[PDB]
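The chain is numbered in sequence order, starting from 1. Just so you know, ligand 1 is whichever comes first in the structure, and atom 1 is the first atom listed for that ligand.
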Amino acid sequence: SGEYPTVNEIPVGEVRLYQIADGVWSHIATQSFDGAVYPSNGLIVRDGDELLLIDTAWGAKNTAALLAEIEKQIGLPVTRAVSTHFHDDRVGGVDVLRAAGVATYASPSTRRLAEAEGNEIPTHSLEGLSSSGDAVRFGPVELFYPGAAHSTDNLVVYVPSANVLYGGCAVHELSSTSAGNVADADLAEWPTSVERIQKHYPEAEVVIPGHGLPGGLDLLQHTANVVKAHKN
Ligand SMILES: C[C@@H](c1cccc2c(-c3ccc(CS(C)(=O)=O)c(F)c3)c(C(=O)O)[nH]c12)n1cc(CNC(=O)[C@@H](N)CO)nn1
Ligand SMILES: [Zn+2]
Ligand SMILES: [Zn+2]
């Protein structure tokens, strides 16, 4: 009833939306992985009379539920989606999107990693993002490759109209006491990648992590802190 959604409000298979700013929502869903339940976030950005989706809802049935929730709450068609790295919380559901007519995109690095891991593969390759510090425009957002962090391919997304920074899984929530699932991470490079984000988007007003509660710019420094404590 207005607070940011959590698993206790989200059974696995359900999706809730949260208004972040004018024309910007996050989506929240829950999924089980290795016998534990996790929330995860994505983004929705209004693109005139269409919508741009950032990340799936972590699974085929969750992503179908996401589309139904968007139709209920917003009522504009999702025409394009970008996945911000290769893990199932970002690409699991791309097949559902593609069968619902959504054009799916990711960097070539994400597409190769997804293919090698056996995860769903976005259709279209996003060039111009292969070097750290690169940025490209994609509808109403900017896509930015900060360097390796949570994964080698992770992208962040900025909504300039609203100064919303969607950090994806390279950014953790303030309450986090650990650095999440780091199996594919570069813990040594991650702080440098976070510093690049901080330098590029100093006017960000909302910062959204890949999992957990949005906050402000403090999430970036907190992420560097929890990652450093993990490495050590
Ligand atoms: C699907 C993804 C995955 C699944 C389950 C959990 C997560 C987490 C995670 C975990 C804990 C917290 C709370 S916290 C910050 O307080 O710690 C959190 F916020 C996010 C993240 C992430 O951090 O983004 N992502 C996860 N995922 C990752 C991998 C890597 N590979 C493996 O795990 C191998 N065993 C192969 O299976 N594969 N899928
Ligand atoms: Zn991940
Ligand atoms: Zn994640």
The Zn ion (ligand 3) is nearest to which N, O or S atom of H211?
NE2
Among the N/O/S atoms of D89, select the one at the shortest distance from the Zn ion (ligand 3) and name it.
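Sorting the N, O and S atoms of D89 by distance to the Zn ion (ligand 3) puts OD2 first.
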Using the ring of each side chain (for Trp, its six-membered ring), is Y201 parallel, tilted or perpendicular to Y158, with breaks at 30° and 60°?
parallel
When the ring planes of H200 and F144 are compared, do they come out parallel, tilted or perpendicular, using 30° and 60° as the limits?
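The rings of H200 and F144 lie parallel, inter-plane angle below 30°.
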Is a salt bridge present between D22 and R46, judged by a nitrogen-to-oxygen distance below 4.0 Å?
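The answer is yes: the pair qualifies as a salt bridge.
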Heteroatom distance test ([X], ligand 1): nitrogen or oxygen, under 3.5 angstrom:
| X | answer |
| --- | --- |
| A183 | no |
| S176 | no |
| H211 | yes |

Is a side-chain donor or acceptor of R111 paired with a backbone partner of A106 at a separation under 3.5 angstrom?
no
Short version for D184: what comes under 4.0 Å of ligand 1, heavy atoms counted, is side chain
Part of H150 within contact of ligand 1 (heavy atoms, under 4.0 Å)
side chain
Contact check: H150 to the Zn ion (ligand 3), N/O/S below 2.8 Å:
no
Do any of the N/O/S atoms of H87, backbone or side chain, fall under 2.8 Å from the Zn ion (ligand 3)?
no
For the side chain to side chain contact (heavy atoms under 4.5 Å, CB included) test, which of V171, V206, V194 pairs with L219?
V171
Grab the two heavy atoms, one from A64 and one from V96, that are nearest each other, plus how far apart they are.
N-CG1, 3.9 Å
Of all heavy-atom pairs between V24 and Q19, which one has the smallest distance, and what is that distance?
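For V24 and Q19, the tightest heavy-atom pair comes out as O-NE2, 3.2 Å.
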Counting heavy atoms only, which of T223, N181, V182, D89 is nearest atom 28 (C) of ligand 1?
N181
